[PDB]
$ cat structure-v3.csv   # CSV, N, CA and C atoms
chain,number,residue,atom,x,y,z
H,7,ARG,N,0.8,-1.2,0.0
H,7,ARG,CA,0.0,0.0,0.0
H,7,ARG,C,0.9,1.3,0.0
H,8,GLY,N,0.9,1.9,-1.2
H,8,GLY,CA,1.6,3.2,-1.4
H,8,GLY,C,3.1,3.1,-1.5
H,9,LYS,N,3.8,4.1,-0.9
H,9,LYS,CA,5.2,4.2,-1.0
H,9,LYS,C,5.9,3.3,0.0
H,10,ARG,N,6.9,2.6,-0.4
H,10,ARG,CA,7.5,1.6,0.5
H,10,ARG,C,9.0,1.7,0.3
H,11,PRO,N,9.8,1.4,1.4
H,11,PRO,CA,11.3,1.4,1.3
H,11,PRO,C,11.7,0.1,0.7
H,12,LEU,N,12.8,0.2,-0.2
H,12,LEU,CA,13.4,-1.0,-0.8
H,12,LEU,C,14.9,-0.6,-0.8
H,13,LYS,N,15.8,-1.7,-0.9
H,13,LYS,CA,17.2,-1.4,-1.0
H,13,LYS,C,17.7,-1.8,-2.4
H,14,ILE,N,18.5,-0.9,-3.0
H,14,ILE,CA,18.9,-1.1,-4.3
H,14,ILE,C,20.4,-1.0,-4.4
H,15,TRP,N,21.0,-2.2,-4.7
H,15,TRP,CA,22.5,-2.3,-4.7
H,15,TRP,C,23.0,-2.6,-6.1
H,16,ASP,N,24.2,-2.3,-6.4
H,16,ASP,CA,24.7,-2.5,-7.8
H,16,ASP,C,25.1,-4.0,-7.8
H,17,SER,N,25.4,-4.4,-9.1
H,17,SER,CA,25.7,-5.8,-9.4
H,17,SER,C,26.8,-6.4,-8.4
H,18,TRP,N,27.7,-5.6,-8.0
H,18,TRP,CA,28.8,-6.1,-7.2
H,18,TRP,C,28.5,-6.0,-5.7
H,19,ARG,N,27.3,-5.5,-5.3
H,19,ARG,CA,27.0,-5.3,-3.9
H,19,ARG,C,27.9,-4.3,-3.3
H,20,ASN,N,28.4,-3.3,-4.1
H,20,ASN,CA,29.3,-2.2,-3.6
H,20,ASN,C,28.5,-0.9,-3.3
H,21,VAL,N,27.9,-0.3,-4.3
H,21,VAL,CA,27.1,0.8,-4.0
H,21,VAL,C,25.7,0.3,-3.6
H,22,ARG,N,25.3,0.9,-2.4
H,22,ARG,CA,24.2,0.3,-1.7
H,22,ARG,C,23.3,1.5,-1.3
H,23,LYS,N,22.1,1.6,-1.9
H,23,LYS,CA,21.2,2.7,-1.8
H,23,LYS,C,19.8,2.4,-1.2
H,24,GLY,N,19.1,3.4,-0.7
H,24,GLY,CA,17.8,3.1,-0.2
H,24,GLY,C,16.9,4.0,-1.0
H,25,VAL,N,15.7,3.4,-1.4
H,25,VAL,CA,14.8,4.1,-2.2
H,25,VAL,C,13.4,3.9,-1.6
H,26,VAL,N,12.5,4.9,-1.9
H,26,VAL,CA,11.1,4.8,-1.4
H,26,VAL,C,10.2,5.0,-2.6
H,27,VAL,N,9.5,3.9,-3.0
H,27,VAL,CA,8.7,3.9,-4.2
H,27,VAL,C,7.4,3.2,-4.1
H,28,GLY,N,6.4,3.6,-4.9
H,28,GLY,CA,5.1,3.0,-4.9
H,28,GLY,C,4.9,2.0,-6.0
H,29,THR,N,5.6,2.1,-7.1
H,29,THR,CA,5.4,1.2,-8.3
H,29,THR,C,6.7,0.7,-8.9
H,30,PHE,N,6.6,-0.4,-9.7
H,30,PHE,CA,7.7,-1.0,-10.3
H,30,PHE,C,8.4,0.0,-11.3
H,31,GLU,N,7.6,0.8,-11.9
H,31,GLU,CA,8.2,1.7,-12.9
H,31,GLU,C,9.0,2.8,-12.2
H,32,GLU,N,8.5,3.2,-11.0
H,32,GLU,CA,9.2,4.1,-10.1
H,32,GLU,C,10.4,3.5,-9.5
H,33,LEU,N,10.3,2.2,-9.3
H,33,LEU,CA,11.5,1.4,-8.8
H,33,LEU,C,12.6,1.6,-9.8
H,34,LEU,N,12.3,1.4,-11.1
H,34,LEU,CA,13.3,1.6,-12.2
H,34,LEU,C,13.9,3.0,-12.2
H,35,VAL,N,13.0,4.0,-12.2
H,35,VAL,CA,13.5,5.4,-12.3
H,35,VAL,C,14.4,5.8,-11.1
H,36,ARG,N,14.0,5.5,-9.9
H,36,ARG,CA,14.8,5.9,-8.7
H,36,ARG,C,16.0,5.0,-8.5
H,37,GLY,N,15.9,3.7,-8.9
H,37,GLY,CA,17.0,2.9,-8.9
H,37,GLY,C,18.1,3.3,-9.8
H,38,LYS,N,17.7,3.7,-11.0
H,38,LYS,CA,18.7,4.2,-12.0
H,38,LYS,C,19.3,5.5,-11.5
H,39,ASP,N,18.5,6.5,-11.1
H,39,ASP,CA,19.0,7.7,-10.5
H,39,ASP,C,20.0,7.5,-9.3
H,40,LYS,N,19.6,6.7,-8.4
H,40,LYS,CA,20.4,6.5,-7.2
H,40,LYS,C,21.7,5.7,-7.5
H,41,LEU,N,21.7,4.9,-8.6
H,41,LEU,CA,22.9,4.2,-8.9
H,41,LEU,C,23.7,5.0,-10.0
H,42,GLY,N,23.2,6.2,-10.4
H,42,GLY,CA,23.9,7.0,-11.4
H,42,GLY,C,23.9,6.4,-12.8
H,43,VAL,N,22.8,5.7,-13.1
H,43,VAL,CA,22.5,5.2,-14.4
H,43,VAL,C,21.7,6.1,-15.2
H,44,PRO,N,22.1,6.4,-16.5
H,44,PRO,CA,21.4,7.4,-17.3
H,44,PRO,C,20.0,6.9,-17.5
H,45,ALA,N,19.0,7.9,-17.4
H,45,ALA,CA,17.6,7.5,-17.3
H,45,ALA,C,17.1,6.7,-18.4
H,46,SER,N,17.6,6.8,-19.6
H,46,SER,CA,17.1,6.1,-20.8
H,46,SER,C,17.6,4.6,-20.8
H,47,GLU,N,18.7,4.4,-20.2
H,47,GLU,CA,19.4,3.1,-20.3
H,47,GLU,C,18.6,1.9,-19.7
H,48,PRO,N,18.5,0.8,-20.5
H,48,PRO,CA,17.7,-0.3,-19.9
H,48,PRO,C,18.5,-1.1,-18.9
H,49,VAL,N,17.8,-1.6,-17.9
H,49,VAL,CA,18.4,-2.3,-16.8
H,49,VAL,C,17.5,-3.5,-16.4
H,50,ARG,N,18.0,-4.4,-15.6
H,50,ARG,CA,17.2,-5.5,-15.1
H,50,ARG,C,17.3,-5.4,-13.5
H,51,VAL,N,16.2,-5.8,-12.9
H,51,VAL,CA,16.2,-5.8,-11.4
H,51,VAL,C,16.0,-7.2,-10.9
H,52,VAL,N,16.9,-7.6,-10.0
H,52,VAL,CA,16.8,-9.0,-9.5
H,52,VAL,C,16.8,-9.0,-8.0
H,53,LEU,N,16.3,-10.1,-7.4
H,53,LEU,CA,16.5,-10.2,-6.0
H,53,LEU,C,17.9,-10.5,-5.6
H,54,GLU,N,18.4,-9.9,-4.5
H,54,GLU,CA,19.8,-10.1,-4.1
H,54,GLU,C,20.0,-11.5,-3.7
H,55,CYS,N,19.0,-12.1,-3.1
H,55,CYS,CA,19.2,-13.5,-2.5
H,55,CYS,C,19.4,-14.6,-3.6
H,56,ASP,N,18.7,-14.6,-4.7
H,56,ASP,CA,18.8,-15.7,-5.6
H,56,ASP,C,18.7,-15.4,-7.1
H,57,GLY,N,18.9,-14.1,-7.5
H,57,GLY,CA,18.9,-13.7,-8.9
H,57,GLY,C,17.5,-13.7,-9.6
H,58,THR,N,16.4,-14.0,-8.8
H,58,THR,CA,15.1,-14.0,-9.4
H,58,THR,C,14.8,-12.6,-10.0
H,59,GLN,N,14.4,-12.5,-11.2
H,59,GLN,CA,14.1,-11.2,-11.9
H,59,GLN,C,12.7,-10.7,-11.6
H,60,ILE,N,12.6,-9.4,-11.4
H,60,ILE,CA,11.3,-8.7,-11.2
H,60,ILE,C,11.1,-7.9,-12.5
H,61,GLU,N,9.9,-8.1,-13.1
H,61,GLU,CA,9.7,-7.4,-14.4
H,61,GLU,C,8.3,-6.8,-14.5
H,62,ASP,N,7.6,-6.6,-13.4
H,62,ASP,CA,6.2,-6.1,-13.4
H,62,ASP,C,5.7,-5.7,-12.0
H,63,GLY,N,4.7,-4.9,-12.0
H,63,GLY,CA,4.0,-4.5,-10.8
H,63,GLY,C,3.5,-5.6,-10.0
H,64,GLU,N,3.1,-6.7,-10.5
H,64,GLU,CA,2.4,-7.8,-9.7
H,64,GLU,C,3.5,-8.4,-8.7
H,65,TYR,N,4.6,-8.8,-9.3
H,65,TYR,CA,5.6,-9.4,-8.5
H,65,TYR,C,6.2,-8.4,-7.6
H,66,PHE,N,6.4,-7.2,-8.1
H,66,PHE,CA,6.9,-6.0,-7.3
H,66,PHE,C,6.0,-5.8,-6.1
H,67,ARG,N,4.7,-5.9,-6.2
H,67,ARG,CA,3.8,-5.6,-5.1
H,67,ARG,C,3.9,-6.7,-4.1
H,68,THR,N,4.4,-7.8,-4.5
H,68,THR,CA,4.6,-8.8,-3.4
H,68,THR,C,5.8,-8.6,-2.5
H,69,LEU,N,6.7,-7.7,-2.9
H,69,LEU,CA,8.0,-7.5,-2.1
H,69,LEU,C,7.8,-6.9,-0.8
H,70,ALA,N,8.5,-7.5,0.3
H,70,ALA,CA,8.5,-6.9,1.6
H,70,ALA,C,9.3,-5.6,1.7
H,71,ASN,N,9.0,-4.7,2.6
H,71,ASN,CA,9.7,-3.5,2.9
H,71,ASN,C,11.2,-3.9,3.0
H,72,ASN,N,12.1,-3.1,2.4
H,72,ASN,CA,13.5,-3.2,2.5
H,72,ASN,C,14.0,-4.6,2.0
H,73,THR,N,13.3,-5.2,1.2
H,73,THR,CA,13.9,-6.3,0.3
H,73,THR,C,15.1,-5.7,-0.4
H,74,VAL,N,16.2,-6.5,-0.4
H,74,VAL,CA,17.4,-6.1,-1.1
H,74,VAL,C,17.4,-6.5,-2.6
H,75,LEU,N,17.5,-5.6,-3.5
H,75,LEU,CA,17.4,-5.8,-4.9
H,75,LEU,C,18.7,-5.4,-5.6
H,76,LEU,N,19.1,-6.0,-6.7
H,76,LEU,CA,20.3,-5.6,-7.4
H,76,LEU,C,19.8,-5.0,-8.7
H,77,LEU,N,20.4,-3.9,-9.1
H,77,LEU,CA,20.2,-3.4,-10.4
H,77,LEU,C,21.3,-3.9,-11.3
H,78,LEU,N,21.0,-4.5,-12.4
H,78,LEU,CA,22.0,-5.0,-13.4
H,78,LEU,C,21.9,-4.3,-14.7
H,79,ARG,N,23.0,-3.7,-15.1
H,79,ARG,CA,23.1,-3.0,-16.4
H,79,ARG,C,24.1,-3.8,-17.3
H,80,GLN,N,24.0,-3.4,-18.6
H,80,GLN,CA,25.0,-3.9,-19.6
H,80,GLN,C,25.6,-5.2,-19.4
H,81,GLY,N,24.9,-6.3,-19.5
H,81,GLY,CA,25.5,-7.6,-19.4
H,81,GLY,C,25.9,-8.1,-18.0
H,82,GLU,N,25.7,-7.3,-17.0
H,82,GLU,CA,26.0,-7.8,-15.6
H,82,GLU,C,25.0,-8.9,-15.3
H,83,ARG,N,25.5,-9.9,-14.5
H,83,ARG,CA,24.7,-11.0,-14.2
H,83,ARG,C,24.6,-11.2,-12.7
H,84,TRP,N,23.6,-11.9,-12.2
H,84,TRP,CA,23.5,-12.1,-10.7
H,84,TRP,C,24.6,-13.2,-10.4
H,85,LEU,N,25.3,-13.0,-9.2
H,85,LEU,CA,26.1,-14.0,-8.6
H,85,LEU,C,25.9,-14.1,-7.1
H,86,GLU,N,26.2,-15.3,-6.6
H,86,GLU,CA,26.0,-15.6,-5.2
H,86,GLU,C,27.0,-14.8,-4.3
H,87,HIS,N,26.7,-14.8,-3.0
H,87,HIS,CA,27.5,-14.1,-1.9
H,87,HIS,C,27.2,-12.6,-2.0

$ encode --input "structure-v3.csv" --output "structure tokens"
Amino acid sequence: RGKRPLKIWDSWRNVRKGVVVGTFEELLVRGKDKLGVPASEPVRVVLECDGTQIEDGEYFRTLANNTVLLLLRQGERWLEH
């Protein structure tokens, strides 16, 4: 319900940011801004724990507050640890 906190980290789990967003599309916008990714550039968002990809509002709305997500750009892939 409404705006929620989520954690958005880069592919290497190095840059680690907090965002507050209401929708998946807003997740992409703020995630890219906070990680210094140009707004046009396409990205993928995955769960930090197991690389599961999030691509829509439905799955997005199932996420708990402060779920840790990775933003993957340009061929970066999910890895363990």

$ residues_around --input "structure-v3.csv" --residues "residue 31 in chain H" --least-positions-apart "3" --cutoff "7 Å" --atoms "all atoms listed in the file" --output "list in words"
residues 28, 34, 35, 36, 62 and 63 of chain H

$ atom_distance --input "structure-v3.csv" --atom1 "atom N of residue 80 in chain H" --atom2 "atom C of residue 50 in chain H"
8.7 Å

$ closest_residue --input "structure-v3.csv" --among "H:70, H:27, H:78, H:12" --to "residue 48 in chain H" --atoms "all atoms listed in the file"
H:78

$ closest_residue --input "structure-v3.csv" --among "H:87, H:23, H:67, H:13" --to "residue 41 in chain H" --atoms "only C-alpha atoms"
H:23

$ select_by_dssp --input "structure-v3.csv" --residues "chain H" --states "alpha helix (DSSP H)" --output "NGL selection string"
:H and (30-40 or 63-67)

$ residues_around --input "structure-v3.csv" --residues "residue 25 in chain H" --least-positions-apart "5" --cutoff "8 Å" --atoms "only N, CA and C atoms" --output "list in words"
residues 9, 10, 11, 12, 13, 14, 33, 36, 37, 40 and 72 of chain H

$ atom_distance --input "structure-v3.csv" --atom1 "atom N of residue 47 in chain H" --atom2 "atom C of residue 30 in chain H"
14.3 Å

$ atom_distance --input "structure-v3.csv" --atom1 "CA of residue 73 in chain H" --atom2 "CA of residue 54 in chain H"
8.3 Å

$ select_by_dssp --input "structure-v3.csv" --residues "chain H" --states "strand (DSSP E)" --output "list in words"
residues 10, 11, 12, 13, 14, 15, 16, 22, 23, 24, 25, 26, 27, 49, 50, 51, 52, 53, 59, 60, 74, 75, 76, 77, 78 and 79 of chain H
